[PDB]
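Working notes, structure below.
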Amino acid sequence: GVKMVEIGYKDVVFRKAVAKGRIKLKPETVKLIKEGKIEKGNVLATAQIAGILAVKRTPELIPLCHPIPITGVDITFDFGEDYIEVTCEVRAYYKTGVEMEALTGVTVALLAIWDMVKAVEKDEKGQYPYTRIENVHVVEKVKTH
Amino acid sequence: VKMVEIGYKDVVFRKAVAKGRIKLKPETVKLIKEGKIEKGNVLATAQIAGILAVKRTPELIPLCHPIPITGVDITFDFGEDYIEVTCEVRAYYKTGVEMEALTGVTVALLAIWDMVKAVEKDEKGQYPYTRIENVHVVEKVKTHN
Amino acid sequence: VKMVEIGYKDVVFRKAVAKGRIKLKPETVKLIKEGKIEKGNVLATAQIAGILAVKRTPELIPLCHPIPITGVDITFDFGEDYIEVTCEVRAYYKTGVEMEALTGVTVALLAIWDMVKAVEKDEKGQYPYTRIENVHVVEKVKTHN
Amino acid sequence: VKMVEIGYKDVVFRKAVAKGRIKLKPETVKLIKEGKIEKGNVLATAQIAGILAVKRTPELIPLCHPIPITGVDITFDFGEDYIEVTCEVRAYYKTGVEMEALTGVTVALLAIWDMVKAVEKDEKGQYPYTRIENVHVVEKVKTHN
Amino acid sequence: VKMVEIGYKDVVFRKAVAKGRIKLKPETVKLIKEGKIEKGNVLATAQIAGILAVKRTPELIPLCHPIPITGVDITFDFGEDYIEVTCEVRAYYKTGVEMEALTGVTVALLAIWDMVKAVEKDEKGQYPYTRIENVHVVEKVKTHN
Amino acid sequence: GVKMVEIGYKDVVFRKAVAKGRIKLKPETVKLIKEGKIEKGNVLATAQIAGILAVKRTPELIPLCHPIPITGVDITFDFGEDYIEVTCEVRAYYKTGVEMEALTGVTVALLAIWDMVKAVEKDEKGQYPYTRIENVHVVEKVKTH
């Protein structure tokens, strides 16, 4: 069995969560993206949109999450030699925090990047030995009155 | 950016396996194993979340195509301080299913995190030790016969 | 739990018919037939809700498969103190459509309830006369090719 | 038809409890209690499906409003030849939650059906022993502030 | 691109009205008026499609915020060779509702087109005469008292 | 009442639909977008993603549309002195055409542009006297064996 958590009696307070995660890629891929030479499309813009939409779909995806009146979402990127790090900050004034929403936005944004560069990441055998998503974590969770 | 045309391609059996891990406190892994997590059945919830996520893939990842998924299996492997999730997706269609398998493994892991947040957080309500990592495609297969 | 594999099976014509009833005050049933329900067209709303629900079945029932539904018909039969709903779903596929037909009929019945709630409620705002009953699969057709 | 205006009303505590039953072979009911249903954990799947359905109510029932649901509980009661499902929904809002509770209970019942379809079907692949009945609102609570 | 922060803003009554028209053959407008369109009740379907679309706005338009919609009214005006749809949306929140009203009017018009495609097409299966036009915001209002 | 159209017996043929529509904007706005100076984000990339996703959600939005295995979607733009024209081409190999999917993609892409430039389009009074969506039509519908 499962038991969802009641939140109705809790106070409405400002809540902010920041999550980060990264996708390991071939260095050339990182360059191609950085220069906007990926045929399939605008990698970073696609990932931001996918992540922002994903934040709003968190309650549909995570069984016991509650619908939350999200007031803001920011998704940014950091380039590494062989990776791209995505940061997702979610905010709201509510009765339960937004860390799961932040993690969902980060992960879907990373999945979106992967989908956009699948053609250049796969090897001669069509497999993915260089690509992987890692270090997906919550940097901070703020809850203030 | 555009949804790449795949209509001209042959309909072949497609299978993809993705794996990922969530780092948890050893005490948390034990509570799960023992079915002592207050929020509920962690593994069944992660399985369902993942299976539904596979079917939601085209709504979450912009350029993914709608696909007649014929099967999905989500399994777990317990470590001392982690749980590894494996998602295998199958279909008889014109475009592989690695993104669907990655989406399934990802959401399953997020669902585990959500189900365990109360015991994983620290006194400061943070998640210093929790993280999702090594999310990768184990294999992508396509057969004609 | 796992979404059972159906990929190997043959694509055959499949049809399922489900039925269900919603008990109502004979007064309410009267308003409906005359089209005096101030909230609107009860039957049309019920048909639209049921048809949409049929298509949503895979995201509502965890282990159901995405199915290329080719047709859906929702009809009504009036009783002294009830309205019977019939939902018929059709498709050429590898897995029957009984769950889809059951989902369509139940959501149609729920839509009727929502549409007439204001007139069905009693002085205490309760629903002592309203109920959905005998929801069943009238028939399941599966061609053996 | 039009989504009735509720914006002016007061935000008060609201709770609704709905119940429903699914008739099954006493044999099937047995397998369930013992957890021998090969398809998986019937009860957990039913709870998760019902909880998700509660949140999907506004997109399933045309004229229902988006509601900040704060809690949902789905429980079971076993009978000789049936399983009774109870769904309780809570929220602090301007419009009751009876439709949400009815939706959760019905989808939970449909999930059970899907989970045990293979053992409920007869030699002709029909469902002469299966049916969902007496789906009703046990109680609707609305605080007058 | 980012979901703009609105959490700090005051909660005020918001109302927005959007209008749009679909150019149809005069004979088509007549068939609708007379309820002779084979596909069904055109106006009720457009109303429902529009109302559900309003609630779907944040899932469709990337940077839109989830909003506690309190009411939606969709009305029609018949012309000799067109149908004008008006969608009014209301909410008590931190960010206006013009995008929600435009989404509602747009989908309602698309639904009318879908319901009438069989009589609007020409012998070549084309739609030389059908079109949606003059989709605009009639007004956007915000009140404190 | 409504009556969905049965398509199961029809042949699977190549289908292509092209729809166009435009959004009237202030000339300065058109320039800002053209130069990528819209603070809110990448206007065109956001619109393409919104339109492509919208194509896949057509069956959820338009009540009587069928789920279709879309194989390709292309969304392009044309700049005018005071407008932006969006073209959406949808393709599939199926039993029913894709013109409603093309219209949905075009319209949501236009709504997305509107949302992205609301800040610069509105007048001193916060209204929208210069913005409107028009000439939304099907350029061609192809159905070939």
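We label chains A, B, ... in the order they appear in the structure tokens, count residues from 1 in each chain, and number ligands from 1 in the order shown.
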Quick one: which residues from chain B are at most 9 Å off chain D, using only C-alpha atoms, as a VMD selection string? chain B and resid 40 to 41 44 to 45 48 to 49
Go ahead and save the picked residues with N, CA, C and O atoms, as a compact mmCIF listing (two decimals), in the first residue's frame.
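Resulting contents of out-v3.txt:
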# COMPACT_ATOMS: atom_id res chain seq x y z
N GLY B 40 4.78 4.47 1.86
CA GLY B 40 4.23 3.36 1.11
C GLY B 40 5.19 2.40 0.43
O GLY B 40 6.39 2.39 0.69
N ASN B 41 4.62 1.58 -0.46
CA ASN B 41 5.37 0.58 -1.21
C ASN B 41 6.23 1.30 -2.23
O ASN B 41 5.78 1.63 -3.33
N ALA B 44 6.85 -0.75 -5.85
CA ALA B 44 5.66 -0.84 -6.70
C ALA B 44 5.35 0.54 -7.28
O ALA B 44 4.95 0.67 -8.43
N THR B 45 5.54 1.57 -6.46
CA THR B 45 5.29 2.94 -6.89
C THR B 45 6.26 3.37 -7.98
O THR B 45 5.88 4.00 -8.96
N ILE B 48 5.35 1.60 -11.29
CA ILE B 48 4.21 2.22 -11.95
C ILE B 48 4.58 3.58 -12.53
O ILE B 48 4.25 3.89 -13.68
N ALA B 49 5.29 4.39 -11.74
CA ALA B 49 5.71 5.71 -12.21
C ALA B 49 6.53 5.55 -13.49
O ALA B 49 6.34 6.29 -14.46
Which residues of chain E come within 6 Å of chain A, and for each one, what is the closest pair of atoms and their distance in Å to one decimal, counting only C-alpha atoms, sorted by chain and residue number, as a tab-separated table?
residue	atom	partner	partner_atom	distance
E:2	CA	A:74	CA	5.1
E:3	CA	A:73	CA	4.9
E:4	CA	A:72	CA	5.5
E:5	CA	A:72	CA	4.3
E:6	CA	A:71	CA	5.3
E:7	CA	A:71	CA	5.0
E:62	CA	A:53	CA	5.9
E:66	CA	A:69	CA	5.9
Residues of stretch 32-87 of chain D in strand (DSSP E or B) according to DSSP, as a ChimeraX atom specification? /D:69-78,82-87
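In terms of minimum interatomic distance to residue D:105, D:20 ranks closest within D:26, D:79, D:20, D:125, counting only C-alpha atoms.
The residue that comes closest to residue E:17, out of F:89, F:139, F:128, F:64 and on the basis of only C-alpha atoms, is F:128.
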Tell me which of D:95, D:145, D:70, D:106 sits closest to residue D:21, counting only C-alpha atoms.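 Going through D:95, D:145, D:70, D:106 one by one, the smallest distance to residue D:21 is for D:106.
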